[PDB]
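One structure below.
All heavy atoms count here, side chains included; hydrogens, waters and symmetry mates do not. In what follows, every chain begins at residue 1, and chains take the letters A, B, ... in the order their sequences are listed.
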Amino acid sequence: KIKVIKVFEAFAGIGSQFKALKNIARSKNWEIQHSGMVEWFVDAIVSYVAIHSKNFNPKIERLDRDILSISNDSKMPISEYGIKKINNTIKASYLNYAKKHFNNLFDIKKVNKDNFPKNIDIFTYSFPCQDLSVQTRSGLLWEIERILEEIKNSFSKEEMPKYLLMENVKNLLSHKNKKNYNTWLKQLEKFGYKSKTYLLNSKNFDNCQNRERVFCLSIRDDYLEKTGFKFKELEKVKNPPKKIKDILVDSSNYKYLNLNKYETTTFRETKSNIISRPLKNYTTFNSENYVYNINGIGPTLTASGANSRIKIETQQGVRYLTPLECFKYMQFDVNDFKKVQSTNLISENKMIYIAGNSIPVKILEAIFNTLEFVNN
DNA sequence: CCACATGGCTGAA
DNA sequence: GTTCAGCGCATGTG
Ligand SMILES: C[S@@+](CC[C@H](N)C(=O)[O-])C[C@H]1O[C@@H](n2cnc3c(N)ncnc32)[C@H](O)[C@@H]1O
């Protein structure tokens, strides 16, 4: 009676999707399987392997000769020299393992109907808002569209992914983006999928973080008929609140910021349950100028900049949320963080970068909890 | 017009 | 090429 769930994660990062599925699997009588993934960012790949691998033993290796389109910064492709620098290192073994054991295809431009797995149960993806425009879609979405088009023609309808899940930032629903987002939804309809859009805040899913994200859950229309699946009203869900203090880690050796030069005010709580106070003459960048109270929720963790440097007031002084606490803030576990840290390949700022790019795990648990599969 | 709220990019080193 | 300290406005609601 156990159901094998084959998952394919496009733009996988550190695998919040895989983590969420593994977290709920027992309660659904599911066994989760990697069908494949697409992730080109070296430090995400390393971290994904660290978190999700079982009995992987890193060692110095030659980089597989076809691992050619990868990136050290997540934005730009690595040079021939950079590839040379990875070749014959422990790091190479992580990338080789992702290829061989997780079927990482690395670059979405290299995914086609000849290497895209058949019979995927859950396909996850995303795209930047620009991709809705010409420069008709572009970039990463054009590639997703191309792949769906290709497999539609070569696969039987039953071999196409049963569910699709997009995650995206809130501005996907802005005035300038929403109509063109709707045309993507039309396109998914043309591919044989019925979809529902959810705007969800992490704070309503057992987290101490204000983080509003857009999700488009799609189900293949014949599978909808077969299962009798109905979309759940997730935007009404409100779980009990959680405070920043609930995730903080005790230490005697934190670094505290010297804020003695800056004038401040009382804390104020906004409608969103964020409790903060400004620092005067600190910077000219508004989002850098706040200190957060640990008895409320915090701001959206970003990969870089002001919202990656989240100042909290504690009895011991004002400090940043640490990389460990940032993993906890995204609802990864302490053990997940320890595994990444133990690679000795990912800097503290890079850890925060990958955490900031991820998705709070319990939002995904809630979405995936609604999925229905036939006993076949 | 106002008050308020909220979340990556890049050039010097 | 990397790294991150320094830096502002876009996109809203009311
Ligand atoms: C915001 S993240 C997604 C993070 C992920 N949802 C997680 O659970 O951590 C977007 C990811 O897409 C990756 N990416 C960008 N361009 C890519 C490409 N051409 N091929 C594969 N991955 C790409 C980036 O490296 C980044 O990790």
Side-chain angles (χ1 to χ4, degrees), chain A residues 13 41-44 46 70-87 89 91 126-133 167-181 199-204 207-214 244 255 257-259 261-262 265-293 296-311 319-323 326 329-330 345-360 363:
Chain A
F41 181 26
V42 168
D43 291 337
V46 167
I70 48 173
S71 169
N72 279 328
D73 63 8
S74 84
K75 315 283 191 178
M76 296 297 286
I78 194 167
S79 50
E80 188 192 297
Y81 167 83
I83 282 165
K84 277 174 56 172
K85 186 175 169 200
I86 295 168
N87 189 47
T89 65
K91 184 179 276 204
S126 186
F127 57 87
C129 297
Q130 69 171 345
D131 290 9
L132 300 171
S133 77
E167 176 264 358
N168 228 302
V169 300
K170 180 168 151 205
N171 197 66
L172 185 56
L173 304 181
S174 75
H175 295 333
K176 311 206 174 202
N177 293 328
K178 178 146 197 159
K179 178 260 177 161
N180 294 337
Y181 168 66
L199 176 65
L200 299 178
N201 196 326
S202 191
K203 79 184 192 188
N204 295 321
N207 210 1
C208 56
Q209 178 185 175
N210 179 68
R211 194 193 192 86
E212 296 187 79
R213 292 293 180 267
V214 178
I244 292 167
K255 308 172 178 67
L257 301 173
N258 188 327
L259 304 179
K261 180 184 173 191
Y262 313 104
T265 69
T266 60
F267 281 108
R268 160 187 310 202
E269 183 173 355
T270 65
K271 48 202 172 181
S272 67
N273 194 196
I274 297 173
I275 306 175
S276 70
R277 60 185 174 78
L279 304 172
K280 184 193 189 168
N281 306 308
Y282 184 66
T283 76
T284 63
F285 204 76
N286 198 250
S287 57
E288 194 91 40
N289 295 338
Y290 288 86
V291 176
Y292 295 95
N293 189 294
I297 66 172
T300 286
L301 178 72
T302 58
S304 63
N307 278 34
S308 79
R309 290 184 287 261
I310 296 174
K311 293 178 290 306
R319 58 174 184 87
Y320 296 124
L321 286 185
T322 63
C326 289
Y329 202 58
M330 301 302 288
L345 288 169
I346 321 292
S347 73
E348 288 194 291
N349 287 340
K350 277 275 191 81
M351 284 165 177
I352 292 170
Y353 192 95
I354 64 184
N357 271 340
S358 200
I359 306 173
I363 295 173

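Counting heavy atoms from C-beta on, the side chains of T322(A) and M351(A) never come closer than 4.5 Å. Put simply, the side chain of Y282(A) reaches to within 4.5 Å of the side chain of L259(A), judged on heavy atoms. Side-chain contact between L172(A) and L132(A): present, with at least one pair of heavy atoms (C-beta onward) separated by less than 4.5 Å. Here the side chains of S272(A) and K203(A) are in contact, with some heavy-atom distance below 4.5 Å.
Straight-line distance from the CG atom of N281(A) to the P atom of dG6(C): 15 Å, rounded to whole Å. Distance, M76(A) CE to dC9(B) P: 14 Å, rounded to whole Å. In this structure, CG of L301(A) is placed 9 Å from P of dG8(B), rounded to the nearest angstrom. When the P atom of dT3(C) is taken as reference, atom CE of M351(A) falls 14 Å away, rounded to whole Å. The separation between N307(A) atom CG and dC7(C) atom P is 18 Å, rounded to whole Å. Here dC9(B) presents its P atom at 14 Å from CZ of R309(A), a figure rounded to the nearest Å. In this structure, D73(A) places its CG atom 13 Å from P of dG8(B), rounding to the nearest Å. Between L172(A) atom CG and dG7(B) atom P the separation is 18 Å, expressed in whole Å.
Among the atoms of the strands shown, only primed sugar atoms or phosphate atoms (P, OP1, OP2) are found under 4.0 Å from some heavy atom of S272(A). Using a 4.0 Å heavy-atom distance criterion, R213(A) is classed as making no nucleic acid contact. At a threshold of 4.0 angstrom between heavy atoms, the contacts of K170(A) with the nucleic acid are absent. At the heavy-atom level, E212(A) lies nowhere under 4.0 Å from the strands shown. Within the nucleic acid shown, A303(A) comes within 4.0 Å of sugar-phosphate atoms alone, with no base atom in reach, counting heavy atoms only. Backbone-only engagement by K75(A) is indicated by non-hydrogen atom pairs under 4.0 Å involving sugar-phosphate atoms exclusively.
Side chain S287(A) to base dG8(C): a donor-acceptor pair is found below 3.5 Å.
Distances were taken from every side-chain heavy atom of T284(A) (C-beta onward) to each of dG7(B), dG8(C), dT11(C); the shortest belongs to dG8(C). Nearest to the side chain of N72(A), among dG6(C), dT2(C), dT11(C), sits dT2(C). For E288(A), whose side chain is taken as the heavy atoms from C-beta onward, the closest listed nucleotide among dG6(C), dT11(C), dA5(B) is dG6(C). Of the candidate nucleotides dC9(B), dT3(C), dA5(B), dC9(B) has the atom nearest to the side chain of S304(A). Of the candidates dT2(C), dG8(C), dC7(C), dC7(C) carries the atom nearest the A306(A) side chain, counting heavy atoms from C-beta on. Here the nucleotide nearest the side chain of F285(A), chosen from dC4(B), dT11(C), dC7(C), is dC7(C).
Interatomic distance, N307(A) CG to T300(A) OG1, rounded to the nearest 0.5 Å: 6.5 Å.
When all heavy atoms of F267(A) and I275(A) are compared, the pair lying nearest together is CB-CG2, 3.8 Å.
Taking atom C1' on both nucleotides, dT10(B) is separated from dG1(C) by 15 Å, rounded to a whole Å. Comparing the P positions of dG8(C) and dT6(B) gives a spacing of 22 Å, expressed to the nearest Å.
The side chain of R268(A) contributes an N or O atom lying less than 4.0 Å from OP1 or OP2 of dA5(B). Here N286(A) does not reach the OP1 or OP2 of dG7(B): none of its side-chain N or O atoms lies under 4.0 Å away.
Summary of the strand contacts: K350(A) and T283(A) both lie near DNA chain C, and taking for each the nucleotide with the nearest heavy atom, the more 5' one is attributed to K350(A).
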